[PDB]
Amino acid sequence: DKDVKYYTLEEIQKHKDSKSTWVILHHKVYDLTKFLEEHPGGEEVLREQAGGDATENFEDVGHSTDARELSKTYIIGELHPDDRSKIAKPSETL
Ligand code: HEM
């Protein structure tokens, strides 16, 4: 623990508390808690999904490369290797 910051999908799916909004863009866990307002776009767009693959939205817009490398500066952790190494098809319902 407290090294690489490896978090599992379901674990990250429990990071949407009050003032704890995480997002796993691509295969990297970014903490945007202190970026909700700072984000030149807003908080709600950040707090829309949270704790999950927000790449869908992120890429829906694409973002500039400036923001891409910025993600790295906001990298807190990464998707658990057990999962990432063998991308398992996530469950869903509706
Ligand atoms: C790594 C995390 C993120 C960073 C560092 C980031 C950074 C930025 C930056 C710098 C811009 C300004 C435009 C540009 O220069 O490209 C921007 C705009 C924007 N971002 Fe993000 N962003 C992040 C995640 C997200 C996510 C996941 C969403 C959606 C769920 C989002 C939605 C938007 C929208 C909508 C705008 C433009 C506002 C508008 O025209 O409505 N961003 N972002």
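Heads up: the sequence shown begins at 1 in PDB author numbering, then just goes up one per residue. Note that CB positions come from ideal geometry on N, CA and C, so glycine has one too.
Under the DSSP assignment, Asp-82 falls in the alpha helix (DSSP H) whose first and last residues are 81-84. According to the DSSP assignment, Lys-72 belongs to the alpha helix (DSSP H) that extends over 65-73. Every unbroken stretch of the alpha helix (DSSP H) spanning 4 or more residues and falling wholly within the region 1-80 is given here in chain order: 9-12, 44-47, 55-61, 65-73. The shortest CA-to-CA distance from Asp-17 to any of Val-61, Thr-33, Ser-85 is the one to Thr-33.
For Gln-13 and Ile-75, the gap between their C-alpha atoms comes out near 17 Å.
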